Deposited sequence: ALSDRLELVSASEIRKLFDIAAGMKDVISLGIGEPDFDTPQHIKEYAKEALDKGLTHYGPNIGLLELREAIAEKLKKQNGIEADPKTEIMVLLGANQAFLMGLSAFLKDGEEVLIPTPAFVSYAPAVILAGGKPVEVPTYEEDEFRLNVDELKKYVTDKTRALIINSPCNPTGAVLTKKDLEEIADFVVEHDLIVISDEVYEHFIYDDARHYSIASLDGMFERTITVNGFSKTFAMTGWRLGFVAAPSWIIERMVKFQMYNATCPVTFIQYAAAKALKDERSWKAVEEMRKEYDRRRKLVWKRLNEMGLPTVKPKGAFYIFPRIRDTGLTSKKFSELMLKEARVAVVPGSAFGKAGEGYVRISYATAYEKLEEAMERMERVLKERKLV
């Protein structure tokens, strides 16, 4: 019964570097469209699948930016945050013993959503030497004939890695050969740096039929507290997820759907996303310099707004290194072990905080690294 699956799941001056959301505020003009919606009286229930005009704007964005062709009436569904998608998506198909492969270090909702859907998560390590990009040769070590799905997250949280098109082509070969469904969490697609490119696995030939691509407004617009996300997937999966929603949150907030549908079509939205991306890029270069500078070897992340320094050479546990940085440096970083077994030996730092707080946090980490001769 679900209560059974739920008990198998667990878990003054101080700079928090543990944040997993934009420090920016929602762009003013998106605030303004939600005020207009309230005044227009968009107060009542909407369809379980989302407002058709939001789904249509989302079909346009997916085709033009991601190369995905999805039908608005049938294949895309609006959600209360992209987070709902893991449990509801996996529940449209996962049966009782089935395994889902999760590349690790991974976002924290993946494995519990698998356990709640009734399956068994199987962690597949990614490695520092590979700049944490998934390798299909690790996938092979873990396939069984109970494997039904793979979850991919690019750009990745906690790592900041982004899969290249060739990476995705190989993954696409493995998935088709093993007849898996891929769930692709793309919420960080627009925060990509240097010469990285965001490719969607559902745009490759023959792949839409087998992937659930999840995305949302939370990170690319700074709308985490607005609870609006979406999936584009085959209609037999969408059908099952809206039936689930009927008995869960019924439908998204309908005036926020209006604000967001207009926002996708507004030039100033995209302009604000580049503002934010240029500023996250500036902060990234600082924490990458400074962390390598103080002795913690760190891969330059190509996407999202997280960086993942190697702390294992200080001789500590990622949990003990988190304690020591909080007690003595008063900076909060999250243990890499919280992102799966392959995260032990690292710590997640979010640079979604003001440049200046990051500078100061970096000096404070330095001093107790030197002071406590951990180097």
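Counting from 1 along the deposited sequence, which stretches were left out of the model? Gaps in the modelled chain, taken against the deposited sequence, amount to a single one at 12-24.
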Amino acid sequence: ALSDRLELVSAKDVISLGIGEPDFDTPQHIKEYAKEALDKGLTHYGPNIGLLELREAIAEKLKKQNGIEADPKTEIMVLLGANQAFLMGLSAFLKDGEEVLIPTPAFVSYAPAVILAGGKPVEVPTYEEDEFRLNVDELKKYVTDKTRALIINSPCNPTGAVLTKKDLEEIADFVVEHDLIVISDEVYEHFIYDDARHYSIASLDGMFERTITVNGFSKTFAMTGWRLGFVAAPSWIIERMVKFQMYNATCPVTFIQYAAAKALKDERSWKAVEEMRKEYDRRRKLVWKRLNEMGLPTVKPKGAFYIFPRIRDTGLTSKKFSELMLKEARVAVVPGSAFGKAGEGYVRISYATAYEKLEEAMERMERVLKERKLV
From here on, numbers count along this sequence of modelled residues.
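Comparing 325-333 with 43-51, which stretch shows the greater average C-alpha B-factor in the deposited entry? Higher of the two, by average CA B-factor, is 325-333.
Segment of higher mean CA temperature factor, 77-85 or 266-274: The stretch with the larger mean CA B-factor is 266-274.
C-alpha B-factor winner, where the candidates are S91, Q257, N135, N248: Among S91, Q257, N135, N248, the highest C-alpha B-factor in the entry belongs to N135.
Quick one: which of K243, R283, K300, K165 shows the highest Cα temperature factor in the PDB entry? In the PDB entry, the greatest C-alpha B-factor among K243, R283, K300, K165 is found at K165.
Chain third (lowest, middle, highest) by recorded CA B-factor, residue given as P103: For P103, the deposited C-alpha B-factor lands in the middle third.
In terms of the CA temperature factor given in the entry, to which third of its chain does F208 belong: lowest, middle or highest? Top third by C-alpha B-factor.
According to the PDB entry, is the CA B factor of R348 in the bottom, middle or top third of its chain, that is, lowest, middle or highest? For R348, the deposited C-alpha B-factor lands in the lowest third.
Comparing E129 with the other modelled residues of its chain, is its CA B-factor in the lowest, middle or highest third? Middle third, going by the recorded CA B-factors of the chain.
Going by what the PDB entry lists, where does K219 fall on CA B-factor within its chain: lowest, middle or highest third? Ranked within chain, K219 CA B lands in the middle tercile.
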